[PDB]
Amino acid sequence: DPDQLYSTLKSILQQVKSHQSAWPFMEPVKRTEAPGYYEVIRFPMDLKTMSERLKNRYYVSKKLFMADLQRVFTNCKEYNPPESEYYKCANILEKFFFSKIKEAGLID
């Protein structure tokens, strides 16, 4: 029951990471790569951090997992212009993400 959710989330998270539009979100944004990012974005999130949280048994509900992944997308859309490559990847990956949640039948 805790293990089933874990399996499902791990599978979903791994598929998101393997996706060709995930590259911007793989790791914490680097300061050398992004002007005053950490002054603008107060709740940073990335897929590496999500993998640890998953490993650390943080994701006890669907809701917590969704909030973190959704935050990856909303941070990107707050920081970046709408026709930036980064914004485009976020929306592509978000579509993919929601497809995978629905395929898994995942609910709270």
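Between two forms, the rigid core is the largest collection of C-alphas that superpose within 1.5 Å. Residue indices: 1-based, along the sequence shown.
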Problem set entry | Core-fitted comparison in 7 other deposited structures of this protein, 52-60 vs 34-42, farther C-alphas | 34-42
Problem set entry | Entry-level comparison of average CA B-factors, 31-39 and 47-55, reporting the higher stretch | 31-39
Exercise. Among the chain's modelled residues, which third holds the C-alpha B-factor of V72?
Worked result: lowest
Seminar exercise, completed: For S21, the third of its chain by CA B-factor is the middle
For this session: Rank-wise, by C-alpha B-factor, drop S99 into the lowest, middle or highest third of its chain.
Result: middle
For this session: Could you say whether, by C-alpha temperature factor, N91 belongs to the lowest, middle or highest third of its chain?
Result: lowest
